[PDB]
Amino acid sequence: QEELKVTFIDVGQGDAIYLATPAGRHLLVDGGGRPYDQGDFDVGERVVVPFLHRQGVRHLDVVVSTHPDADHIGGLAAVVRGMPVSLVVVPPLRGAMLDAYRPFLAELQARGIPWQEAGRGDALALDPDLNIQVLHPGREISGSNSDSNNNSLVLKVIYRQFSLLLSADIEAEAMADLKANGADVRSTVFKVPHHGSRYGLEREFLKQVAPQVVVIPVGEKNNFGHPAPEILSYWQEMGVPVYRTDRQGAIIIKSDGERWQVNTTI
């Protein structure tokens, strides 16, 4: 019954979220995403794996690759090459999406690392005190299975009264679907999708999340103007503090399931 500790690693314009669970399990959600820095600097080798060593991690129980487009795998390649990984979770892979993932999945097979496709209604049993629910995407052969950002994996991490919604890169169309299907998205902490892009502004969905604080992993002087002013304005309208990795470095959230705290690096 150690506290849950979640670190949003400062990986620039990218997401990498390390969760140390109460029982002592190690979970990594993403590893920096698509290299907009042309990949010459591998954020996985240079930032993520060294971070995990500095936190004392020697193996990861679960690695989650949230995005169905394989050129978003990014630093996760370096993670599975740089330390033992017991399980990789990916979204439902279909069509050309599976195609592009095939080299990564072949490396997993060569390493003996099982992978699991996860979709709406699944859960990642890892720690008996943590409920890790997969809310999105569904598995239906539906319209635009190929709609990449909107079919990224959404996870809700629950420890008693504390919850964290890891929204990956979803946009307003996915948010409307989640709202329409009654997804239980109300959360203590909301990870804003796709670095605060304005295309994640779905007010009915965000009203239901009703977060106490939000976290934006986002890079300084990224090419997209992230986080969008419309997104920052929205959280101001709601009175919700915004934590950002570009301005504040790594963001650390700790909780015993009743009390929780957010701290920053810079």
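Note that residue numbering follows the sequence shown and begins at 1.
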> Averaging C-alpha B-factors over each stretch, which comes out higher, 107-115 or 138-146?
Replying inline: 138-146
>> Comparing average C-alpha B factors as deposited, tell me which of 65-73 and 237-245 sits higher.
In response: 65-73
> Among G182, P91, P128, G196, which residue carries the highest C-alpha B-factor recorded in the PDB entry?
Replying inline: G182
> In the PDB entry, which of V189, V80, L87, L98 has its C-alpha at the highest B-factor?
Replying inline: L98
>> Splitting the chain's C-alpha B-factors into thirds, which one does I266 fall into?
In response: highest
>> Quick check on the deposited entry: does the C-alpha B-factor of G32 sit in the lowest, middle or highest third of its chain?
In response: highest
> Among the modelled residues of its chain, does the C-alpha B-factor of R160 lie in the lowest, middle or highest third?
Replying inline: middle
>> Ranking the modelled residues of this chain by C-alpha B-factor as given in the entry, is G200 in the lowest, middle or highest third?
In response: lowest
> Taking the C-alpha B-factors as the PDB entry records them, is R54 in the lowest, middle or highest third of its chain?
Replying inline: highest
